[PDB]
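What follows is a set of notes on a single structure, which appears directly below.
Here is the naming used below: chain letters follow the sequence lines, and residue numbers restart at 1 for every chain. All values below were derived from every heavy atom in this structure, side-chain atoms included, with hydrogens, water molecules and symmetry-related copies excluded. Order of appearance sets the numbers: ligands from 1, and atoms from 1 within every ligand.
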Amino acid sequence: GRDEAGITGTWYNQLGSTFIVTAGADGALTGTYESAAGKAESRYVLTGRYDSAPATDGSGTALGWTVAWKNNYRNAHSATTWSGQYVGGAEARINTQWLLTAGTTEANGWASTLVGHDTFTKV
Amino acid sequence: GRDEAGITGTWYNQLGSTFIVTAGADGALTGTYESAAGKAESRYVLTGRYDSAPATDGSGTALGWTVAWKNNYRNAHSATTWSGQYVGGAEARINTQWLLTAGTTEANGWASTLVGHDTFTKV
Amino acid sequence: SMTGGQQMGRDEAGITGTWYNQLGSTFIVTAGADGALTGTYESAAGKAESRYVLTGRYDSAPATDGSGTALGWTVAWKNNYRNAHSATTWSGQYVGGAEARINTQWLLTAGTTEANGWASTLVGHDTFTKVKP
Amino acid sequence: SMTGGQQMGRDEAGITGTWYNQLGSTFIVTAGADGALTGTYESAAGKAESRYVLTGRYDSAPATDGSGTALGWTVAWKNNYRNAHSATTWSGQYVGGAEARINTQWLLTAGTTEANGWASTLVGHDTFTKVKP
Ligand SMILES: O=C(CCCC[C@@H]1SC[C@@H]2NC(=O)N[C@@H]21)NC1CCN(c2ccncc2)CC1
Ligand SMILES: O=C(CCCC[C@@H]1SC[C@@H]2NC(=O)N[C@@H]21)NC1CCN(c2ccncc2)CC1
Ligand SMILES: O=C(CCCC[C@@H]1SC[C@@H]2NC(=O)N[C@@H]21)NC1CCN(c2ccncc2)CC1
Ligand SMILES: O=C(CCCC[C@@H]1SC[C@@H]2NC(=O)N[C@@H]21)NC1CCN(c2ccncc2)CC1
């Protein structure tokens, strides 16, 4: 797998959150996320998908994953999905944008979703 | 599981795309997506997460999932993540916003990501 | 014009007027001949009271292939009654015709400390029509 | 003022000037005393040529707790050289100080047919500084 080895490993973003991921041979992503920010403590299950056969033209590798913010310590009734691309090489990075949706009443639904961007670097 | 039965099943969105999902007992989401739009043909693997213990106060249930747009028929070098909440009842619906990231060169990276909103209804 | 009034572009008359979204917020806009959008916004939701000044831009010469007309506008949520230290931009398109519509997505950013910066921005979607709830 | 010039608010002087994002696009803005944002935009990327009019709004009385100052602005991508039938809104905050910054997210919506409506909108993030590349 071209990027299997490149994607799999331990990453950290600009907040200092940590993203431990394994890129499967079938395109699957699995691992754990630990947020340095928000209503989060310890590690949360993640799962996702990546393009296991990216273009050979210098293109990044598209990928995405979801965390639901429930674990054995806390439940923030929320989920974040990161959508981005892996860029291999010198400085491998995963450049993402994300959508954090909280469970709300219908009167509060208009304000359910935060949006942001995380840049990940490896170890 | 409160919403296990509610979330699991076959959903269709406003474009007529179909979202077949199984809500796991551990918070996992799995299934297949078939897009009525874009560079997509037939079904694509999805995986995601949902809050398996949502608030009892009339709140929706937060959830998210990823499709990488590679299957046996086509590869669009792209991934969509849907971020939203399930709202049970009369009219069960899953109200989402999504981020579609394509693999790009670094000169084209500024325009890598589309954003939209899909509303799903069951069968 | 032939009757003596001024000649309106396309979307000038269509966009200009009073609009309502699914929250029941009120969007009073005047589309300028130069591409300017001006007016007021009254939100039915959130930390908002009375009317807020808005300004924006729209494509005053849109494609003639059936496509909508692109536009956008900003409200900063400060007026003489309230300051929510935040601003919303709507980006969308106008779709003319029988039931005219403005279909938008929006980005609401709040002023924050650097430590709360990751959570500065809300995202959503509003559909506007000229029919009142 | 004491020397005879006009008294600038906070962010009035800080925001007003010439800015550059990581693409090397050029953002020339004047922050009005009334909360108005006006100026021009020259994009180094995409279907754009020369300068585009912009308008927006900013919080002219921001919190005094160290938080940034919220703002937003629209460009419709039509000028006398090019029409990309599309409009970008930036939503973000101004962070004053040693290296002042404007940290934004943006929504670029194109006019589309209803069948291409699902793909109307691009999303991204630009950081602006007053230092040129
Ligand atoms: O704080 C968390 C869980 C931790 C999120 C951490 C985020 S993930 C993207 C970013 N990258 C990181 O590395 N860390 C941050 N969850 C909700 C709870 C309730 N919230 C809302 C929001 C809007 N409406 C209603 C309620 C606010 C956030
Ligand atoms: O079309 C697809 C795959 C099918 C996506 C279907 C989408 S999922 C959200 C929405 N809800 C649905 O039910 N269906 C649609 N993928 C890319 C290919 C290259 N694209 C870009 C975009 C920006 N920059 C570069 C390249 C455009 C889209
Ligand atoms: O509520 C308002 C002002 C009114 C917004 C009304 C919104 S405009 C899009 C939608 N369409 C409408 O018609 N009406 C609603 N402003 C902030 C300030 C504090 N907020 C945050 C969020 C994140 N971090 C820090 C602070 C949350 C909300
Ligand atoms: O390229 C431009 C105009 C220039 C935008 C420049 C952008 S502003 C945010 C970013 N920051 C900058 O400094 N520069 C860039 N416009 C459209 C028209 C056609 N497009 C679509 C997309 C989706 N559906 C249909 C058509 C793609 C691009």
Side-chain angles (χ1 to χ4, degrees), chain A residues 62 110-111 114, chain B residues 13-19 33-40 44 67 69 74 76-80 82 96 98-104 108-114 116-118, chain C residues 20-27 41-48 52 67 70 75 77 82 84-88 90 104 106-112 116-117 119-122 124-126 128, chain D residues 20-27 41-48 52 67 70 75 77 82 84-88 90 104 106-112 116-122 124-126 128:
Chain A
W110 67 273
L114 294 153
Chain B
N13 79 358
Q14 75 282 353
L15 311 169
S17 294
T18 63
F19 167 50
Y33 203 98
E34 182 156 22
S35 186
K39 294 202 211 323
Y44 298 79
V67 168
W69 298 104
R74 194 21 191 161
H77 303 298
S78 36
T80 303
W82 290 258
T96 71
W98 53 257
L99 291 172
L100 167 44
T101 310
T104 72
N108 294 319
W110 67 273
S112 63
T113 311
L114 294 153
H117 53 271
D118 287 349
Chain C
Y20 305 88
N21 70 6
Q22 74 288 350
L23 305 165
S25 314
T26 304
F27 174 37
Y41 202 94
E42 184 172 348
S43 174
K47 285 159 69 150
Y52 294 89
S67 315
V75 167
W77 296 104
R82 199 157 185 177
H85 296 128
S86 54
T88 300
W90 293 257
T104 71
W106 51 259
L107 285 179
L108 199 186
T109 309
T112 72
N116 292 320
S120 65
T121 311
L122 290 164
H125 45 104
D126 293 359
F128 301 85
Chain D
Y20 305 88
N21 70 6
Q22 74 288 350
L23 305 165
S25 314
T26 304
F27 174 37
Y41 202 94
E42 184 172 348
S43 174
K47 285 159 69 150
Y52 294 89
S67 315
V75 167
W77 296 104
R82 199 157 185 177
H85 296 128
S86 54
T88 300
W90 293 257
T104 71
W106 51 259
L107 285 179
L108 199 186
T109 309
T112 72
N116 292 320
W118 71 271
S120 65
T121 311
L122 290 164
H125 45 104
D126 293 359
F128 301 85

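- The distance from atom CG of A:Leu114 to atom OG of C:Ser120, rounded to the nearest 0.5 Å, is 8.5 Å.
- Using a 3.5 Å distance cut-off with no hydrogens or angles, the side chains of B:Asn13 and B:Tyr33 do pair a donor with an acceptor.
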Between ligand 3 and the protein, find all N/O pairs closer than 3.5 Å and give the distance for each.
| residue | atom | partner | partner atom | Å |
| --- | --- | --- | --- | --- |
| ligand 3 | 1 (O) | C:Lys47 | N | 3.0 |
| ligand 3 | 11 (N) | C:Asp126 | OD2 | 2.8 |
| ligand 3 | 13 (O) | C:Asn21 | ND2 | 2.9 |
| ligand 3 | 13 (O) | C:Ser25 | OG | 2.5 |
| ligand 3 | 13 (O) | C:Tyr41 | OH | 2.8 |
| ligand 3 | 14 (N) | C:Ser43 | OG | 3.0 |
| ligand 3 | 16 (N) | C:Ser86 | OG | 2.9 |
| ligand 3 | 24 (N) | C:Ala119 | O | 2.9 |

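- Taken from CZ in D:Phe27 to OG in D:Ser43, the straight-line distance is 13.0 Å, to the nearest 0.5 Å.
- In B:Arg74, the CZ atom is not crowded: 12 or fewer heavy atoms of neighbouring residues, nucleotides or ligands sit closer than 6.0 Å.
- If you take CG on B:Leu99 and OG1 on B:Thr96, they are separated by 10.5 Å, rounding to the nearest 0.5 Å.
- Interatomic distance, CH2 of B:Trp69 versus OH of B:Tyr44, reported as 7.0 Å (0.5 Å rounding).
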